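Residues per chain, in single letters:
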Amino acid sequence: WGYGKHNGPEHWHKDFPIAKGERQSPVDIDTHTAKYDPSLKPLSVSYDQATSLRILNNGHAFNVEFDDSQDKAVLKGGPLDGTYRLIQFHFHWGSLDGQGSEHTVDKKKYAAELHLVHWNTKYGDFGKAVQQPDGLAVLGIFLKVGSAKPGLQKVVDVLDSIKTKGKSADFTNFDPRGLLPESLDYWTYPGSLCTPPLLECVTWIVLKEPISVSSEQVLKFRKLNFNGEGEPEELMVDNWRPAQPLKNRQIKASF
Ligand SMILES: [Zn+2]
């Protein structure tokens with residue numbers, strides 16, 4: 001599985017039949033159809049105690065991993081019940097500014113999308129949580145090209161150190177708070193992992209407000225490689241999945 005012509009998303013169903021299931025992700029968010037749900041509580045993002053450990057190129061993206069052994073960086077409230085702990089964050093991006101996001105808003109595509117992955121602490125570990133319908137909560141953040149995002153520069157400067165698949169680098173004292181938009185207004189819907197095994201265990205929380213990054217910052221993303229060191233160079237670009245059928249599900253809005 002990958003994002004090329006021969007292993008791309010249109011092929012994923014052969015090894016992961018769930019790819020054509022009922023609650024697949026990402027999806028187009030139709031703002032005129034989304035239902036404002038007054039019963040929706042404000043998101044509760046507590047990341048002041050976050051502990052980042054490292055960053056790695058897994059051959060389809062780069063992940064910034066976090067120590068999830070204690071309630072240090074947690075998400076609650078919103079449509080959620082209980083506590084979800086931050087385990088990692090990664091991005092999806094394009095070859096040009098016109099594409100790259102997973103979710104789309106009224107069919108508009110962003111230059112990239114940020115996913116903050118969190119797992120429900122009642123299930124005791126990540127691997128158990130993926131087996132549950134309310135097992136994960138993912139915070140989606142859209143990225144538009146404009147002004148630089150100061151809080152993202154620390155991520156950009158280390159990309160050189162992890163150019164190819166399998167490389168990783170110590171990455172401590174990174175504060176996720178520098179990646180959040182001013183508003184916490186969101187859309188939510190039941191869905192799935194955006195990559196294989198594509199398990200339908202996620203409560204998606206997509207924020208309405210995009211963060212802007214500079215052309216120079218996204219450029220640095222486009223320099224990563226899908227290949228391992230010593231293999232022909234395959235730039236890491238367009239690592240995003242096309243929108244899937246909503247099939248009955250309803251998208252609620254907090255605003
Ligand atoms: Zn993702």
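Here, the structure is the one placed above.
Residues numbered from 1 in each chain as written, not as in the entry; some residues may be left out. Heavy atoms only, no water.

**Student:** Any chance you could break down the overall build of the chain for me, citing the residues and the numbers?
**Tutor:** Each helix and strand in the chain was counted, giving three helices and 15 strands. Computed over its C-alpha atoms, the radius of gyration of the chain comes to 17 Å, within 12% of the 18 Å expected for a compact globule of 255 residues. The buried share of the chain, taken over its 255 residues, is 52%. Long-range contacts, defined as pairs at least 24 residues apart, comprise 70% of the intrachain contacts of the chain with a sequence gap of at least 6. In the structure as shown, the chain presents an accessible area of about 11,600 Å², 50% of it carried by carbon and sulfur atoms. (Helix = DSSP H or I, 4+ residues; strand = E, 2+ residues; numbered from the N terminus. Rg over C-alpha atoms; globule rule 2.2 N^0.38 Å. Buried < 20%, exposed > 50% of the residue type's maximum accessible area, 1.4 Å probe, protein only. Contact = heavy atoms within 4.5 Å. Areas by Shrake-Rupley, 256 points an atom, 1.4 Å probe, with all protein chains shown as cover.)

**Student:** Explain the coordination of the zinc ion residue by residue, including any values.
**Tutor:** Looking at the metal site, the zinc ion is ligated by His90 (NE2), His92 (NE2) and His115 (ND1), spaced 2.0 to 2.2 Å from it. Sequence spacing among the residues donating to the zinc ion works out to H-x1-H-x22-H. Placement of the pair is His90 in strand β7 (residues 84–93) and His115 in strand β9 (residues 112–120), with a sequence separation of 25 residues. Taken as a pair, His90 and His115 share a single burial class, namely buried. (Donors = N, O, S within 2.8 Å, 3.2 Å for Na, K, Ca; no water.)

**Student:** Would you mind going over the packing of aromatic side chains in detail, with residue names and values included?
**Tutor:** Aromatic ring pairs: the centre-centre distance and the angle between the two ring planes describe each pair. Summed over the entire model, instances satisfying the criterion amount to 15 aromatic pairs. Centroid distance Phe62 to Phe221: 5.4 Å. Interplanar angle 85°. Geometry classified as edge-to-face. With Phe62 in strand β5 (residues 62–66) and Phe221 in helix α3 (residues 215–221), this pair connects stretches of sequence that are 159 residues apart. In this structure an aromatic cluster arises from ring pairing among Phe62, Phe66, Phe89, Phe91, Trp93, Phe171, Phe174 and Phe221. Above the ring of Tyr110, the side-chain terminus of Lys108 is found at 4.3 Å from the ring centroid. One residue, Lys154, lies across the ring of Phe171, its end atom 4.9 Å from the ring centre. (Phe/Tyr/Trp six-rings, centres within 6.5 Å; stacked < 30°, edge-to-face > 60°. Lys NZ or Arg CZ within 6 Å of the ring centre and 35° of its normal.)

**Student:** Now, about the side chain of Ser192: what can you tell me, with residues and values included?
**Tutor:** Structurally, the position occupied by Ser192 is in the loop between β12 (186–191) and β13 (202–207). Filtering out sequence-adjacent residues up to four positions away, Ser192 remains in contact with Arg23, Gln24, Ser25, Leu198, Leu199, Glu200, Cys201, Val202, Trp204 and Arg241.

**Student:** Got a sec to walk through the nonpolar core? Specific residues and values, please.
**Tutor:** In globular proteins that are soluble, nonpolar side chains generally tend to be buried together. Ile55, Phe62, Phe89, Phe91, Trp93 and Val155 are the most contacted members of the largest nonpolar core, which has 47 residues in total. Residue assignment for this core shows that the elements contributing at least two residues are β5, β7, β9, β10 (136–145), α2 (153–158), β13 and β14 (211–213). Ignoring sequence-local partners within four residues, the contact set of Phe91 consists of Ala61, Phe62, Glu113, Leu114, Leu143, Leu152, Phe221 and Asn239. Ranked by size, the runner-up nonpolar core spans 24 residues in total, among them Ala34, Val117, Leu136 and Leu193. (Core = buried A, V, L, I, M, F, W, Y, C linked by side-chain atoms within 4.5 Å.)

**Student:** I'd like to hear about the environment of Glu10, residue by residue, with values.
**Tutor:** By the element assignment, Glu10 lies in the segment before β1 (28–29). In this structure the C-alpha to C-alpha distance between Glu10 and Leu86, which are 76 residues apart in sequence, comes to 30 Å. Ignoring sequence-local partners within four residues, the contact set of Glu10 consists of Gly4 and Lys5.

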